[PDB]
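Only one structure is covered here, and it is reproduced in the block below.
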Amino acid sequence: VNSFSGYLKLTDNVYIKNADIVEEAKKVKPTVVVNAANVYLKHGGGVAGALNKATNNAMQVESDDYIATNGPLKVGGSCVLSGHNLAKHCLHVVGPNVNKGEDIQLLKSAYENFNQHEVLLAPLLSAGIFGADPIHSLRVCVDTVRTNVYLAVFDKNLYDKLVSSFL
Ligand SMILES: O=C(O)COc1c(Cl)cccc1Cl
């Protein structure tokens with residue numbers, strides 16, 4: 001049993017809810033919250049800007065030190081950093097950004113990072129301002145992640161559309 005509440009069960013391991021991931025993280029304090037990161041860990045908007053704002057910019061300060069030491073992530077890659085006031089850990093995952101021309105095949109590689117964690121609170125990778133089709137992102141998630149993932153869809157229409165169209 002875990003603390004996640006109000007989710008619709010899609011599969012053995014994937015759950016979904018219409019929720020603000022920031023508000024959900026603050027309520028649950030999960031072991032792992034996933035950030036929709038870019039390779040520079042520049043957290044300006046969408047999930048990353050919202051998560052970072054909720055940490056009072058401490059996520060960005062930590063991230064800048066990570067990049068200064070290690071250099072940029074790979075598209076499809078990830079790093080584990082602090083979850084600050086939101087979670088124990090934040091798994092920063094870089095899905096491909098369609099609005100930068102990145103290979104959508106890298107979305108599966110991005111989701112494979114989730115398999116290193118038994119339970120996660122996450123957004124749909126490459127959705128929102130990363131420009132991918134969220135229906136596609138949910139299909140890749142279900143077909144790639146084997147650990148228990150609790151998805152936070154920000155848009156109600158998409159939440160209502162993702163459920164209705166789910167095979
Ligand atoms: O709902 C999501 O989580 C991602 O997609 C979005 C977002 Cl973030 C905002 C407006 C519309 C859509 Cl379809």
Side-chain angles (χ1 to χ4, degrees), residues 1-7 9-26 28-97 106-130 132 134 137-138 140-154:
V1 175
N2 66 50
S3 160
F4 289 106
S5 176
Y7 288 70
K9 180 171 181 59
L10 292 176
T11 70
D12 181 59
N13 67 296
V14 177
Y15 294 79
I16 194 165
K17 184 186 182 175
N18 175 222
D20 179 349
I21 196 172
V22 170
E23 286 313 309
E24 190 74 3
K26 280 199 289 192
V28 174
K29 289 290 239 88
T31 306
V32 181
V33 65
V34 174
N35 182 31
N38 59 52
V39 294
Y40 305 110
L41 302 179
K42 286 173 53 86
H43 308 304
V47 172
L51 292 170
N52 175 60
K53 177 178 177 185
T55 76
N56 180 45
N57 211 51
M59 178 180 283
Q60 190 64 68
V61 169
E62 178 195 31
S63 292
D64 289 347
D65 169 86
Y66 174 89
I67 297 287
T69 298
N70 300 107
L73 299 177
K74 299 171 179 182
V75 178
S78 70
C79 68
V80 179
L81 290 173
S82 180
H84 299 279
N85 56 315
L86 303 180
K88 186 175 199 282
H89 304 286
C90 180
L91 181 69
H92 293 272
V93 181
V94 184
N97 189 326
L106 287 170
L107 185 54
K108 188 171 182 78
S109 301
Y111 274 116
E112 288 170 341
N113 296 286
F114 288 26
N115 291 319
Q116 300 295 318
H117 302 277
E118 289 195 347
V119 183
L120 314 88
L121 171 62
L124 285 167
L125 298 179
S126 298
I129 68 176
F130 281 61
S137 182
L138 179 56
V140 178
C141 180
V142 159
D143 291 345
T144 306
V145 179
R146 297 176 301 283
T147 57
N148 292 324
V149 56
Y150 288 86
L151 294 169
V153 184
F154 180 77

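When a residue number appears, it is its place in the shown sequence, counting from 1. Note: hydrogens, waters and symmetry copies are ignored here, and every other heavy atom, side chains too, is used.
The environment of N70 atom CG is dense: over 12 non-hydrogen atoms of other residues, nucleotides or ligands sit within 6.0 angstrom. Within a 6.0 Å sphere centred on CG of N57, heavy atoms belonging to other residues, nucleotides or ligands number more than 12.
With rounding to the nearest 0.5 angstrom, the CE atom of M59 is 8.0 Å from the OG atom of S82. Note: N113 CG to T144 OG1 = 11.0 Å, rounded to the nearest 0.5 Å. A distance of 8.5 Å separates CD of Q60 from OG1 of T55, quoted to the nearest 0.5 Å. Taken to the nearest 0.5 Å, the OH atom of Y150 stands 13.0 Å off from the CD1 atom of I16. Of the inter-residue distances, the one linking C79 atom SG with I67 atom CD1 reads 7.0 Å to the nearest 0.5 angstrom. With rounding to the nearest 0.5 angstrom, the CG atom of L138 is 9.0 Å from the CG atom of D143.
With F114 as the fixed residue, the side chain to side chain contact (heavy atoms under 4.5 Å, CB included) test singles out one of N13, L120, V32: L120. Partner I21 forms a side chain to side chain contact (heavy atoms under 4.5 Å, CB included) with one of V34, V33, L86 and no other, that one being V33.
Of the possible polar contacts, none joining the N52 side chain to the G44 backbone as a donor-acceptor pair under 3.5 Å is found. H43 places a side-chain N or O within 3.5 Å of a backbone atom of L41 that can act as its donor or acceptor partner. Listed for the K74 side chain is no donor-acceptor partner under 3.5 Å among the backbone atoms of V94. In this structure a side-chain-to-backbone donor-acceptor pair under 3.5 Å is present from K9 to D12.
Across every non-hydrogen atom of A110 and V93, the tightest pair is O-CG1, 3.4 Å. What you find for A19 and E24 is that their closest heavy atoms are CB-OE1, 4.2 Å. Across all their heavy atoms, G45 and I129 have their closest contact at C-CD1, 4.1 Å. A pairwise comparison of heavy atoms in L73 and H92 identifies CD1-O, 4.1 Å as the closest pair. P96 and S126 get closest at one heavy-atom pair: O-OG, 2.7 Å. Counting all heavy atoms, side chain and backbone alike, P123 lies closest to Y111 at O-OH, 4.4 Å.
Under the 4.5 Å side-chain criterion, counting only non-hydrogen atoms from C-beta, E118 is not in contact with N148. No side-chain heavy atom of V153 sits less than 4.5 Å from a side-chain heavy atom of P134. In this structure, the side chains of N35 and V47 come closer than 4.5 Å at one or more pairs of heavy atoms. Side chains of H117 and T31 form no contact here, defined as non-hydrogen atoms less than 4.5 Å apart.
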Can you check side-chain contact (heavy atoms from CB on, under 4.5 Å) on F4 and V119, steps first, answer last?
CA-CA 10 Å; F4 289 106; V119 183; 3.9 Å; yes
